[PDB]
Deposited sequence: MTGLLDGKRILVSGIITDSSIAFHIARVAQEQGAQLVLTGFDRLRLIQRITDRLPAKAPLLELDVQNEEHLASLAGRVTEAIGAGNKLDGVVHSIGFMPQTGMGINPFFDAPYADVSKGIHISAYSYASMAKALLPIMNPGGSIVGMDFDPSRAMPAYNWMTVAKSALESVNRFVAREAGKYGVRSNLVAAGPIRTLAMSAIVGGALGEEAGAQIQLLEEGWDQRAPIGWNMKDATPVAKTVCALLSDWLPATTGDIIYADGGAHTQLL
């Protein structure tokens, strides 16, 4: 008798057992969901990580930069869940920015080819995934993506912050399309998770604190959006950040 009992949910973005997607998948299975997982490049490695989950789930390859992977995705999901069955949820937990665009590298030294790759994977793909999967989603369905509050600039995050600002915009347009299918589209803006000064300021600002080593409160928030309990929320952002973004000091 779980929160997601009988729901068929696709979860992308598992690479390690510290991945936010790994925790989303674990909580969803604990809550009765039947999962379909997608992984990128290191599929044998990802399959071994998926063996750590409480229940067995099919693993499909999905490189969001590969248009053939996207064109075949719905058919491959249908084969995994069975003909006549549709998805109730989709989790986009994919992000990438080359070292030139995120870290110590000066903001101005990131070449556009690197930034474009990062934007393709971190923002445009949220629209690609919705385009591929909306034709196989049930009404009352839910699409959830992962965000990192980009409303204010900050050190090091640089072009990944720019990619998240683009993602938030993409999410609002995806909600317009998803609405035609009776499907919601939302992002969960998480605080920093270990998957230093800027990061420690989070626990200080958060009225309920913030534990960077614990992805479970973020996974629970994603599951709340996948459930039938936020039925009037779409094109929106839910902050699972300890309330840090609501406080200056």
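According to the record, the deposited residues with no C-alpha atom in the structure span 1, 197 to 215.
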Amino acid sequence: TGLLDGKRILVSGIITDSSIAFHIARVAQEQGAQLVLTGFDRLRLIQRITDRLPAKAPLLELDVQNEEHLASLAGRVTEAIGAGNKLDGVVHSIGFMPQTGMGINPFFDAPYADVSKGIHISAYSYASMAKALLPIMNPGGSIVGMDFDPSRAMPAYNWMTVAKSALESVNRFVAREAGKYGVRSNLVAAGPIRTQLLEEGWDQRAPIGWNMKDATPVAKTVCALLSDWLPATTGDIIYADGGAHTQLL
From here on, numbers count along this sequence of modelled residues.
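Under this definition, the rigid core comprises the largest set of C-alpha atoms superposing within 1.5 Å between the forms.
Averaged over structures and residues, the CA distance from the shown form in 8 other deposited structures of this protein after a core fit is larger for 95 to 103, of the two stretches 95 to 103 and 119 to 127. Just going by the entry, 70 to 78 versus 138 to 146 on mean CA temperature factor gives the higher value to 70 to 78.
For the pair 83 to 91 and 175 to 183, the record assigns the higher mean C-alpha temperature factor to 83 to 91. Across the residues 188, 206, 223, 57, the deposited record lists the maximum Cα B factor for 57.
Note on the listed residues 166, 121, 127, 104: the highest Cα temperature factor in the record is that of 104.
In the deposited entry, the Cα temperature factor of residue 18 sits in the top third of values across the chain's modelled residues. Annotation for residue 249: CA B-factor lies in the highest third of the chain's modelled residues. Per the deposited record, the Cα B-factor of residue 158 falls in the middle third when ranked against the other modelled residues of its chain. Annotation for residue 64: C-alpha temperature factor in the middle third relative to the rest of the modelled chain, per the entry. Among the modelled residues of the chain, residue 218 sits in the lowest third by CA temperature factor in this PDB entry.
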